[PDB]
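Enquirer: Just dropping this structure here.
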Amino acid sequence: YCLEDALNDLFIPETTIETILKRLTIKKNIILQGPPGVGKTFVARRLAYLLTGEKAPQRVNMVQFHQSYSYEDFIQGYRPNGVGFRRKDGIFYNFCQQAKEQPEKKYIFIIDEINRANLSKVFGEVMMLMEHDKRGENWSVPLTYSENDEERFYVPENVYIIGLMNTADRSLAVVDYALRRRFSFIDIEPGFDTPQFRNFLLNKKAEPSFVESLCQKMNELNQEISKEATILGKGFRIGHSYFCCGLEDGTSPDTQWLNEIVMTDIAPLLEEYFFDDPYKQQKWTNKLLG
Amino acid sequence: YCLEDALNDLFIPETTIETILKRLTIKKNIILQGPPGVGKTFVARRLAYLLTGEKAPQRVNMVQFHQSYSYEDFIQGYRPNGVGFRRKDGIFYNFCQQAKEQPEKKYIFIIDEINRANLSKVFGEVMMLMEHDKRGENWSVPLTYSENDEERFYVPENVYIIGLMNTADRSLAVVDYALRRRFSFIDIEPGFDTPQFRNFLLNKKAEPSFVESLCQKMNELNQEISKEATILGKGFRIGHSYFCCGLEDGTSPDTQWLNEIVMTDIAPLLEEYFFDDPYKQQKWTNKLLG
Amino acid sequence: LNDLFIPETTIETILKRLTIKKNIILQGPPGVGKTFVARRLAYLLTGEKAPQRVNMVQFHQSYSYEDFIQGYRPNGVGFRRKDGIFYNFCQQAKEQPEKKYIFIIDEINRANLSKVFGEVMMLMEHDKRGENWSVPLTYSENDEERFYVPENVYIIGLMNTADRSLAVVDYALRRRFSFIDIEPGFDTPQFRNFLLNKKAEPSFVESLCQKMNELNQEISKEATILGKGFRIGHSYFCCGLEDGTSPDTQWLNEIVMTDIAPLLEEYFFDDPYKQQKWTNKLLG
Amino acid sequence: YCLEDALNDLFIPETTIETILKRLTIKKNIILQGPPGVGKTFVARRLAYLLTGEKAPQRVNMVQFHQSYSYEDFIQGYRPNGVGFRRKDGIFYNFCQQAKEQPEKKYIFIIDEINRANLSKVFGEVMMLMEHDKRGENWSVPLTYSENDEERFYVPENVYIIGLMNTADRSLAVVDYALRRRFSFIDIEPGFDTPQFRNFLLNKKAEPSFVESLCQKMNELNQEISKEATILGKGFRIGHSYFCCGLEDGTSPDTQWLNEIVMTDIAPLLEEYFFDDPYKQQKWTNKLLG
Amino acid sequence: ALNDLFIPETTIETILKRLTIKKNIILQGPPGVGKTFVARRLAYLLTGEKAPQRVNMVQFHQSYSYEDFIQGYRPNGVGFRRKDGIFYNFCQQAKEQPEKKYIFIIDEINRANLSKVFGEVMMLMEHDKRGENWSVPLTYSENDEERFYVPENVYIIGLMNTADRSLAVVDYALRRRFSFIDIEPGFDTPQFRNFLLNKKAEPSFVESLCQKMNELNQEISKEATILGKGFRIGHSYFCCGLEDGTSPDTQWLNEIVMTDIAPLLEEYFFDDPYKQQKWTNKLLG
Amino acid sequence: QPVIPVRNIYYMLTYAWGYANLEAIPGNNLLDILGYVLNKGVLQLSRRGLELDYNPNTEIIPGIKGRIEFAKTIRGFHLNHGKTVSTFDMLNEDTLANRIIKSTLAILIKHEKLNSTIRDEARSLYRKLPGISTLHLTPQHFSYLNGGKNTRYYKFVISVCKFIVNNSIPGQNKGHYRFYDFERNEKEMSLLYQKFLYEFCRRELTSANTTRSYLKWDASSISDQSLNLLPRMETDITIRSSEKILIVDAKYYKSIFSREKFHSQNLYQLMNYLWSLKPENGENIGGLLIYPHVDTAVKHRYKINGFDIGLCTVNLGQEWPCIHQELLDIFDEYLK
Ligand SMILES: Nc1nc2c(ncn2[C@@H]2O[C@H](COP(=O)(O)OP(=O)(O)NP(=O)(O)O)[C@@H](O)[C@H]2O)c(=O)[nH]1
Ligand SMILES: Nc1nc2c(ncn2[C@@H]2O[C@H](COP(=O)(O)OP(=O)(O)NP(=O)(O)O)[C@@H](O)[C@H]2O)c(=O)[nH]1
Ligand SMILES: Nc1nc2c(ncn2[C@@H]2O[C@H](COP(=O)(O)OP(=O)(O)NP(=O)(O)O)[C@@H](O)[C@H]2O)c(=O)[nH]1
Ligand SMILES: Nc1nc2c(ncn2[C@@H]2O[C@H](COP(=O)(O)OP(=O)(O)O)[C@@H](O)[C@H]2O)c(=O)[nH]1
Ligand SMILES: Nc1nc2c(ncn2[C@@H]2O[C@H](COP(=O)(O)OP(=O)(O)O)[C@@H](O)[C@H]2O)c(=O)[nH]1
Ligand SMILES: [Mg+2]
Ligand SMILES: [Mg+2]
Ligand SMILES: [Mg+2]
């Protein structure tokens with residue numbers, strides 16, 4: 001496996017893709033922040049195979065934080081056995097043991113919607129330990145529910161952590177600045193202007209005018225979205241996922257199909273987005289339609 | 001089962017219905033939004049047997065969410081058998097296993113008043129999984145309470161999801177735009193000015209003159225409701241159900257019958273819609289009677 | 001049908017509305033006999049004075065879905081799933097389909113009504129009653145085990161209109177419930193006949209109605225602040241004269257200070273003179 | 001354990017560490033109060049070995065506090081057997097007993113992220129003993145979980161307690177009452193305008209002007225943050241460790257290396273800081289690149 | 001006892017008129033009014049037998065709950081048992097004796113949430129719904145063999161205090177079922193004046209103090225919002241220390257000014273020490 | 001000692017906050033105006049329904065609710081007395097956003113100088129929110145609310161509470177409040193003036209693009225590249241269009257209200273902004289000084305140093321639409 005394999009279908013420029021690996025290899029923990037529908041989930045499984053250099057799932061682990069995950073779930077907690085409780089090693093603790101089984105091959109842990117959960121609660125002791133410098137046996141620390149006999153948990157160097165925080169929900173945004181120092185934050189743009197997106201449509205039986213018209217209108221809209229910061233900030237700007245899918249059957253892209261998209265998905269979003277004047281809603285919808 | 005069985009009593013146009021099944025076959029997640037009393041609950045049981053094409057309720061699961069509902073109830077959680085606690089596979093988890101047994105047949109899960117409960121907390125792990133392109137074992141994920149990483153949950157492809165949310169309360173709305181992306185939102189309207197609504201009345205010995213007077217009146221009133229979107233959106237407008245039920249005995253819909261219900265139901269509703277304006281209450285109420 | 005102070009037409013509306021619609025909200029100020037009305041009325045619908053069929057509860061903010069329908073709660077040995085009253089009650093009525101079983105909910109406004117009802121907020125409607133409309137419950141161990149409202153069940157809601165909470169408005173529940181206002185009924189003869197058959201003076205009864213109406217009308221003057229829902233009920237007068245003390249001006253004077261005076265403070269808060277004025281108006 | 005190994009690399013002035021060493025022998029309960037990335041965790045591991053004069057793990061203990069951390073794990077409590085509950089000596093109890101053996105040798109206990117958990121919930125009764133004056137067997141007390149009054153615990157004088165607290169969160173504005181009486185707060189500067197931080201870069205093949213140019217802006221920026229009190233206090237200002245890391249290869253510092261840090265770490269942080277004025281983000285981000 | 005009580009007899013007579021009929025009652029008044037001591041003598045008065053066994057007293061707090069009040073499960077040596085609470089035990093004691101009036105004292109009732117505590121029973125204590133007809137099975141009553149009903153004999157008294165400005169409007173639950181009563185400090189009353197003149201107090205010393213406190217009681221209630229009528233000082237501080245064996249004197253009062261009224265005076269205003277000092281100095285002489 | 005009529009100022013605040021009938025209210029003073037909207041605004045919200053945020057609750061209860069935390073239960077041995085430590089998400093209105101409104105209503109009622117009707121109606125609403133907890137308001141509370149998760153409507157009414165809280169002064173009584181004499185201070189009035197225009201220009205001048213531009217000196221100094229000592233320069237507004245660029249410097253002065261000598265020191269700032277700014281398009285460069293006057297509006301144009309500069313005024317107190325007319329009329333002249 002190689003970059004050529006991954007970047008065949010991805011709409012992202014190579015520019016970020018190398019920047020991603022650059023920050024990762026030095027820092028070992030990063031976050032990709034972007035609105036939904038920009039392939040955040042999409043890239044993540046592909047990224048994992050690059051660094052290992054092979055398409056292996058075993059060295060990779062994927063999860064989602066749902067605002068109910070806990071340290072007891074992630075790391076160490078007490079679970080009922082048949083009649084009485086027992087201590088259960090969590091998944092991350094289970095994962096790190098696998099990673100240190102062989103240090104040579106890199107191990108990746110993938111967390112969707114990380115911003116939801118209270119990360120300080122879940123990770124706890126690990127929030128220090130995850131950082132690149134403070135890894136290995138030198139910085140071994142004993143866990144909360146560890147046995148009285150000294151047993152310590154240390155992050156292996158090979159481990160890499162990836163976080164996936166959407167930029168829509170403002171409330172669910174990272175205000176743990178202590179935690180935000182462990183991570184490096186990579187903004188991802190919608191991907192409209194890129195040719196690699198455009199080629200994907202043109203290869204799929206599309207007119208260059210209709211394609212080039214589409215990107216022109218969306219880019220106008222996201223500027224207007226980007227214009228405001230009071231309610232609708234830059235991050236809210238629309239993703240490209242809507243347009244990506246649904247053409248597998250052979251349906252060529254046209255105003256009929258585009259019209260179905262606008263009425264069905266975007267038009268609800270807009271009225272939900274603005275909720276001040278329909279004219280703005282009527283304006284931009286008709287602009288896309290016309 | 002057959003399509004025409006449902007459409008006989010249905011006031012909504014087929015055009016909307018055809019739009020609906022087209023999306024649902026594609027998206028596998030949908031949300032139906034309208035005021036109360038427009039048959040969201042009514043259509044949904046009908047619609048499932050259409051999509052399957054056969055009237056199998058065992059393949060259908062119907063639930064109403066509310067505040068006292070969680071991931072522990074829905075998906076997985078530890079609950080008391082008795083002296084000893086056990087891991088209890090939630091209802092949705094059980095439903096998904098059933099669909100796996102028969103991959104060919106479509107299995108449908110119906111959520112009434114979805115917008116009430118905190119979907120962000122309830123779906124969680126599912127919030128990523130449910131999307132149309134991410135279903136299958138390739139995207140299998142271990143849960144919070146899974147014993148090990150190997151125990152993983154993947155949504156079957158056959159499953160279709162239905163979301164039912166009233167538009168009366170802006171308080172309870174799906175503001176999570178990420179959650180909005182998974183669901184395809186199809187508005188439903190009261191549909192007074194429809195033949196099938198009128199045919200139902202005339203079939204029950206109703207005056208065509210009274211009917212045309214009736215539909216025109218509400219159409220104007222509902223349009224008045226949609227006007228003040230700042231105050232009350234189009235989603236607030238009155239449904240057709242108030243007039244629908246109550247004639248089962250065979251009572252003819254005279255003007256007196258309508259005058260009785262208006263006083264009993266819509267009148268206090270009108271009072272609430274116009275807290276500040278008594279004349280506006282008096283205006284429209286008196287408008288109906290003459 | 002004899003001692004009721006509410007119009008005969010109003011009760012006739014209710015029985016027709018109730019049997020058809022199966023759900024109602026009876027909203028009015030305190031002291032209008034909401035409890036006695038429904039309890040009197042409930043025996044009419046059954047046709048027999050059966051209290052076992054009838055069950056009443058008074059909701060409160062802490063009341064929860066745990067209490068009403070289902071919930072996990074402790075036995076002596078440990079925790080188990082405990083069927084709340086309504087699940088217990090509906091099963092009892094389901095046992096006997098023919099007879100009409102009733103469920104009464106007082107001070108309904110206090111609780112988050114959506115929260116309490118939960119699943120049945122859909123099921124309670126008359127059409128969606130039966131095995132077809134059954135659903136597995138939130139805490140149901142198995143998907144196959146479901147709960148459905150029987151047709152015989154009829155539901156009554158009693159609402160105090162003087163404590164509006166600008167927290168939650170549900171217009172969907174309003175679709176389930178047919179709202180019926182209740183006036184105090186001072187003008188009604190049945191209220192007057194009760195007192196004149198209790199050795200009241202003819203003028204004394206007539207004087208009271210004039211006194212109360214002038215006050216009640218002022219309450220409904222400013223619909224924004226207060227309404228007809230706020231105005232005073234009559235029931236305070238019913239109690240306390242069956243000992244054998246017939247009405248007198250002194251007895252009136254007691255109730256004004258005893259009961260109504262805090263209400264005035266509650267209503268006409270930070271305006272003592274209006275309280276003193278309206279208080280003194282009645283005494284004269 | 002020579003100071004030269006300890007103090008040469010450090011960016012902090014030798015004055016403040018000496019001042020820290022004074023109070024630490026004096027009071028033995030100390031808190032380092034500064035934003036993340038200034039080496040609070042970094043110094044403390046060295047500081048313990050300074051006082052002892054040796055690199056000894058046994059005499060020095062490190063922990064990070066979080067919400068799950070509690071008295072029963074920290075001090076003493078009951079852990080389930082298969083059914084039964086067994087008492088277990090907690091860390092601090094086990095840790096002090098080592099210190100009881102060797103009164104002359106200094107013992108060190110390091111608590112990072114202390115504010116996250118309430119001290120009373122964890123420490124509780126022992127806060128009486130923990131204070132510097134009321135130490136030694138004279139003040140011995142029987143524990144909450146002691147089987148009998150005979151068994152008693154007293155904090156020996158030799159142990160010193162270190163607390164690492166970050167002034168990066170809004171909740172910490174209302175500092176806990178438990179801490180203030182018993183601990184001595186010390187502020188850690190960002191330490192940009194220091195010789196050793198500069199000299200660290202100069203040894204790593206850095207131009208002086210590019211180094212000196214950077215510090216004024218960083219010194220300028222942190223000054224702007226500290227001027228605010230409502231949203232961002234002085235304690236929120238940037239630390240000096242973003243720039244430290246990432247040079248392990250030997251790659252020379254330059255605008256290329258620096259620009260990576262700005263966009264990937266500091267740029268989105270500023271969005272969180274200057275949400276209200278996005279243009280203010282543009283002001284600084286453009287300023288730093290220039 | 002009436003002569004020993006300092007409050008107007010009309011209020012004493014009025015209360016017995018209300019409670020007998022209403023069966024639920026709450027007293028709101030200043031601290032230092034002998035509200036507890038008031039009710040006990042009144043409790044003995046209504047029963048007529050001066051029986052403490054019939055009488056049971058409870059003081060509420062924010063933690064107080066249904067398990068404390070009514071019923072709950074408490075640990076055994078092994079396992080756990082259903083454990084009868086106070087009110088469950090108390091009424092069943094009263095159930096045997098229907099004729100005999102039984103009284104319940106709830107101190108500092110406003111602090112706790114009545115609903116959370118009472119729960120189901122909160123309606124059953126309403127006088128209209130009493131006896132076996134309104135019987136309900138309890139939350140923890142696993143079987144339907146026994147249902148809990150408050151019999152008619154029960155009377156419930158609640159002691160609330162108007163001391164605190166932090167207190168917001170009373171809970172709606174309370175207002176419905178209870179008749180709210182304001183108790184005067186009773187300085188003006190002769191029965192309190194005869195409680196000092198019986199101790200060989202000077203009539204000038206007696207009368208002056210009545211005027212002195214009244215001057216304050218007007219000023220403390222003169223404040224519109226922050227300090228109302230309910231705030232004004234009660235007499236209980238004056239009782240304790242005179243009939244123990246030490247005669248009244250201005251110096252005895254002088255200590256009392258510093259002891260209770262002076263900090264209380266600081267507490268009410270909490271703004272102006274001079275306004276406190278002016279009043280404290282005014283009290284002393 | 002003249003100032004603008006108080007009603008019109010509210011319109012300027014609205015544009016300043018970026019988002020009704022004031023003819024009905026008879027109270028000339030500001031606080032009658034502001035409270036009436038707040039008192040009415042909450043009523044508008046309550047009609048639709050107030051915000052309810054899922055608040056997690058972890059407590060000791062007699063049963064299973066939501067998710068039981070096994071650890072806290074066993075450590076506390078709550079099983080023995082039939083209790084569990086369980087987490088669940090009760091849905092309340094007691095959030096910070098709602099708490100701010102309610103505590104503010106106490107301040108509004110407590111204000112010494114206020115219309116009787118406004119005080120009475122608010123006291124009703126204060127009672128109408130029993131569940132919510134009163135709080136002691138600070139900007140730090142408002143600071144936390146910069147997330148703005150609530151609706152656009154909430155964010156408007158919240159901004160009102162910010163104005164009241166900061167512009168509330170205790171008066172005769174220790175408890176009660178007294179409103180700030182906002183009009184008298186020029187500085188906040190100027191910041192009102194500048195902020196009013198910037199958001200206003202985005203609304204009406206859709207034709208042009210409106211952005212604030214930071215400027216950098218043309219200077220080079222051997223001593224420091226930083227030039228920290230030099231004054232920081234940030235435009236009040238720049239309103240760029242294809243045909244012409246235009247910078248405006250506007251400030252609120254008391255002297256100009258008098259119809260004599262003229263106070264135009266801000267012009268000194270303006271010229272150097274023109275110099276340090278260099279346009280790539282090079283279409284033209286124009287400047288404008290606009291001030292508030294009471295009586296009448298006067299416009300002049302000047303050609304000073306190769307720059308086209310305008311001095312203009314507005315007759316505030318006339319009428320808001322005609323004022324709205326006048327401002328758009330003004331820019332049309334210069335934007336050319
Ligand atoms: N073929 C192709 N599909 C893409 C590309 N980028 C995004 N998509 C598609 O857009 C859809 C959603 O992508 P996803 O990764 O889940 O976006 P997300 O940010 O993770 N979603 P969310 O923020 O809601 O969690 C998928 O169909 C995904 O394949 C791309 O570059 N190529
Ligand atoms: N006979 C008949 N009844 C209909 C039709 N459409 C809606 N109704 C009736 O209207 C009532 C409510 O249906 P429902 O789906 O619950 O409306 P809703 O939008 O879901 N209401 P809510 O959202 O509040 O739950 C029922 O009486 C239903 O049968 C229809 O086409 N034919
Ligand atoms: N060489 C050198 N590195 C330093 C210096 N100060 C901090 N660092 C580096 O900064 C990184 C993090 O330091 P750290 O102590 O963890 O900061 P912190 O205060 O603990 N972070 P937090 O407050 O979030 O817990 C490490 O690489 C550390 O060595 C210093 O003075 N010299
Ligand atoms: N005879 C008669 N008694 C009534 C009437 N209305 C109420 N009462 C009595 O008033 C007493 C209290 O009624 P209650 O239900 O508590 O008042 P509400 O709940 O606020 O409406 C009971 O004795 C009622 O029966 C009535 O219309 N006629
Ligand atoms: N003898 C007598 N003592 C009274 C009277 N009123 C109050 N007291 C005394 O005042 C004390 C009780 O006061 P109280 O307010 O209940 O104390 P609190 O509950 O802490 O506020 C006891 O000494 C009572 O006997 C009274 O009228 N006569
Ligand atoms: Mg995704
Ligand atoms: Mg429905
Ligand atoms: Mg650290």
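Chain labels follow the order of the structure tokens: the first chain is A, the next B, and so on; residue numbering restarts at 1 in every chain, and ligands are counted from 1 in their shown order.
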What parts of segment 99-170 of chain B does DSSP call alpha helix (DSSP H)? I'd like the answer as number ranges by chain.
Expert: B: 99-101, 119-123, 125-129
Enquirer: So that I have them on file, write out the residues from the current selection with C-alpha atoms, as a PDB file, in the first residue's frame.
Expert:
ATOM      1  CA  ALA B  99     -32.305  -8.692  10.375  1.00  0.00           C
ATOM      2  CA  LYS B 100     -28.920 -10.386  10.005  1.00  0.00           C
ATOM      3  CA  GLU B 101     -30.628 -13.781  10.031  1.00  0.00           C
ATOM      4  CA  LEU B 119     -30.275  11.421  20.338  1.00  0.00           C
ATOM      5  CA  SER B 120     -26.640  12.388  20.737  1.00  0.00           C
ATOM      6  CA  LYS B 121     -26.378  10.331  23.889  1.00  0.00           C
ATOM      7  CA  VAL B 122     -28.623   7.505  22.742  1.00  0.00           C
ATOM      8  CA  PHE B 123     -27.187   6.693  19.342  1.00  0.00           C
ATOM      9  CA  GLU B 125     -21.658   4.614  18.562  1.00  0.00           C
ATOM     10  CA  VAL B 126     -24.564   4.210  16.158  1.00  0.00           C
ATOM     11  CA  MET B 127     -24.379   7.835  15.058  1.00  0.00           C
ATOM     12  CA  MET B 128     -21.447   6.982  12.810  1.00  0.00           C
ATOM     13  CA  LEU B 129     -22.506   3.432  11.994  1.00  0.00           C
TER      14      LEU B 129
END
Enquirer: So that I can check the secondary structure, give me every residue of segment 146-268 of chain F assigned strand (DSSP E or B) by backbone DSSP, as a ChimeraX atom specification.
Expert: /F:168-170,177-179,209-211,214,234,237-240,245-249
Enquirer: Compute the set of protein, DNA and RNA residues whose minimum atom distance to ligand 1 is at most 9 Å, using only C-alpha atoms and all ligand atoms, and state it as a ChimeraX atom specification.
Expert: /A:7-12,32-44,112-113,164-168,191,196-197,200,239-246 /B:127-128,131-134,177-182
Enquirer: Just the residues within 7 Å of residue 56 of chain F, please, counting only C-alpha atoms, with nothing from its chain fewer than 5 positions along; format it as a list in words.
Expert: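 These residues fall inside the cut-off: residues 87, 88, 89 and 90 of chain F.
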Enquirer: Please produce a file of those selected residues containing C-alpha atoms, as a PDB file, in the first residue's frame.
Expert:
ATOM      1  CA  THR F  87     -26.217   8.797  35.807  1.00  0.00           C
ATOM      2  CA  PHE F  88     -29.139  10.107  33.808  1.00  0.00           C
ATOM      3  CA  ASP F  89     -29.925  13.218  31.819  1.00  0.00           C
ATOM      4  CA  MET F  90     -32.729  15.266  33.282  1.00  0.00           C
TER       5      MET F  90
END
Enquirer: Using only C-alpha atoms, determine which residues lie at most 6 Å from residue 77 of chain B, disregarding the query and same-chain residues fewer than 4 positions distant; provide the list as a PyMOL selection string.
Expert: chain B and resi 72+87-88
Enquirer: Just want the 7 Å neighbourhood of residue 5 of chain C, counted on only C-alpha atoms, with same-chain residues fewer than 5 positions away dropped. Output as a VMD selection string.
Expert: chain C and resid 185 188 190 to 191
Enquirer: Output the contact residues of chain A with respect to chain B at a cut-off of 9 Å, based on only C-alpha atoms, as an MDAnalysis selection string.
Expert: chainID A and resid 35:37 41 61:70 73:74 79:84 88 90:91 94:95 112:113 116 166 168:169 242 245:246 263:265 268:269 272 275:278
Enquirer: Determine, counting only C-alpha atoms, which protein, DNA and RNA residues have an atom within 10 Å of an atom of residue 83 of chain F; residues of the same chain fewer than 3 positions away are not included. Present the result as JSON, numbers by chain.
Expert: {"C": [73, 74, 78, 79], "E": [73, 74], "F": [59, 60, 61, 62, 63, 64, 73, 76, 77, 78, 79, 80, 86]}
Enquirer: With a cut-off of 7 Å and counting only C-alpha atoms, select all residues of chain E in contact with chain C and give the selection as a ChimeraX atom specification.
Expert: /E:79-82,115-116,123
Enquirer: Taking only C-alpha atoms into account, which of A:206, A:172, A:270, A:218 comes nearest chain F?
Expert: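 Answer, going by the shortest atom-to-atom distance: A:172.
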Enquirer: Would you tabulate, counting only C-alpha atoms and all ligand atoms, all residues of chain C that have an atom at most 8 Å from an atom of ligand 2, showing the closest pair of atoms and their distance in Å to one decimal, sorted by chain then ascending number, as CSV?
Expert:
residue,atom,partner,partner_atom_place_in_ligand_line,distance
C:122,CA,ligand 2,25 (O),6.1
C:125,CA,ligand 2,27 (O),7.9
C:127,CA,ligand 2,27 (O),6.1
C:128,CA,ligand 2,26 (C),7.7
C:172,CA,ligand 2,24 (O),4.6
C:173,CA,ligand 2,24 (O),7.1
C:175,CA,ligand 2,24 (O),7.0
Enquirer: Could the residues of chain F within 8 Å of chain C, counting only C-alpha atoms, be given as a list in words, please?
Expert: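 Filtering chain F at 8 Å from chain C with only C-alpha atoms gives residues 46, 47, 48, 49, 50, 62, 63, 64, 65, 79, 82, 93, 121, 124, 128, 129 and 130 of chain F.
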Enquirer: Name the residues, by chain letter and number, that sit within 9 Å of ligand 5 using only C-alpha atoms and all ligand atoms, and give them as a list in words.
Expert: residues 1, 2, 3, 4, 5, 6, 7, 30, 31, 32, 33, 34, 35, 36, 37, 38, 107, 161, 186, 191, 192, 195, 234, 235, 236, 237, 238, 239 and 240 of chain E
Enquirer: Determine, counting only C-alpha atoms, which protein, DNA and RNA residues have an atom within 10 Å of an atom of residue 313 of chain F; residues of the same chain fewer than 4 positions away are not included. Present the result as number ranges by chain.
Expert: F: 256, 289-300, 326-327, 330
Enquirer: Enumerate residues in contact with ligand 4: an atom-to-atom distance of at most 7 Å, counting only C-alpha atoms and all ligand atoms. Format the result as an MDAnalysis selection string.
Expert: (chainID C and resid 3:6 29:37 191 194 235:236 238:239) or (chainID E and resid 128)
Enquirer: Could you tell me which residues of chain A sit within 7 Å of chain F when counting only C-alpha atoms, and give me the result as an MDAnalysis selection string?
Expert: chainID A and resid 78 170:171 231
Enquirer: Expressed in Å to a single decimal, how great is the separation between atom CA of residue 136 of chain B and atom CA of residue 57 of chain B?
Expert: 24.3 Å
